[PDB]
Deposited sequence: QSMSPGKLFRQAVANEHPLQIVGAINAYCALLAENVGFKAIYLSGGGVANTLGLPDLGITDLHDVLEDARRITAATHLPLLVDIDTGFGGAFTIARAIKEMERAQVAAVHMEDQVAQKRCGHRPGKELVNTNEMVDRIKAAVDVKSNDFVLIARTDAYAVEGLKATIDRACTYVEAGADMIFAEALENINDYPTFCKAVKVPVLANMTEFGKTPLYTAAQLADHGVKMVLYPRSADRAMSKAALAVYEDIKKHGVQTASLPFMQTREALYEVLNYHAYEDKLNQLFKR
């Protein structure tokens, strides 16, 4: 009935806050949907790492687009997709926006880091990020959600970050991704300043400490992101199975840690396929 963008907007409005969980593939998206999340996330780092590449902007529009298409094919849950810095200049960004819309994506986030390579965290000038934003806004539909992400806190401090975010909003950004604020009591100031919904990145093993969804909502945050949480647990679990099989010559020890065949069928809605398989035959 509603467009993906509209669904996302509605989820951000109704939830306090909206928890957005990362899913690396369609099946994970279904698991998340099953647990009752209202929005899901495609991590740029996830897309890269899953290919066995580092999160260094090596991936392009197609790497991400393919992963996004697979997910949106399997669920109507609004998906937020990480488009890094926009994969190139103004034309690439425009293409990215159009392609993500076509792929039934709800929202993207684009950040103000530098792209290019022939000192780690370097940002573009505010003006350049505005250029990026304008390129995106000029071709985007109304419903579709552009989240501008700023990486400025660690480098430039709270005031400079708020300044950027505000300029980004004026440039047409729908929502703001505030990367790695260190003090919970910075959020109320930040949220009040930028007016639009704010996303907080609750990734593990970062510089940021872990706050609860409730805590962050209390400090004015509208969205909480869990970008790699599931992926990290999956990787450990997979490694464990591999090690078990290798060391023991059989997977007996891994059996309690595996999802049952029954649960798999449930998630796939498998019985609905056997119903139509007999109704025609």
In sequence order, the deposited stretches missing their CA atoms are 1, 120-123, 287-288
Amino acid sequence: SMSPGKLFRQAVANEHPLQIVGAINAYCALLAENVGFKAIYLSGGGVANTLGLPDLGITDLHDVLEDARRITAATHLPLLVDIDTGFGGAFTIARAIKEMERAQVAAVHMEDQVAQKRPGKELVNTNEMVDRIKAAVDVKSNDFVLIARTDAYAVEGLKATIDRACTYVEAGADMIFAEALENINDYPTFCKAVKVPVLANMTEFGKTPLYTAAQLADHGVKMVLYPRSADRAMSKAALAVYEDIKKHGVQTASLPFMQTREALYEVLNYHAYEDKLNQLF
From here on, numbers count along this sequence of modelled residues.
Greater mean Cα temperature factor according to the PDB record, 224-232 or 209-217
209-217
Mean Cα B-factor check, 104-112 vs 179-187, entry values; winner is 179-187
Top Cα B factor in the deposited entry, candidates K195, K140, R149, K117
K117
Comparing C-alpha B-factors across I93, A200, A74, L123 in this entry, the winner is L123
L80: C-alpha B-factor third of its chain, per the entry, is the lowest
Lowest, middle or highest third: which one holds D174 when the chain's residues are ordered by CA B-factor from the entry?
middle
Is the Cα B-factor recorded for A272 in the lowest, middle or highest third of its chain?
highest
Here the Cα B-factor of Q10, set against its chain, lands in the third termed lowest
Select lowest, middle or highest to describe the third in which the CA B-factor of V130 falls within its chain in this entry.
highest
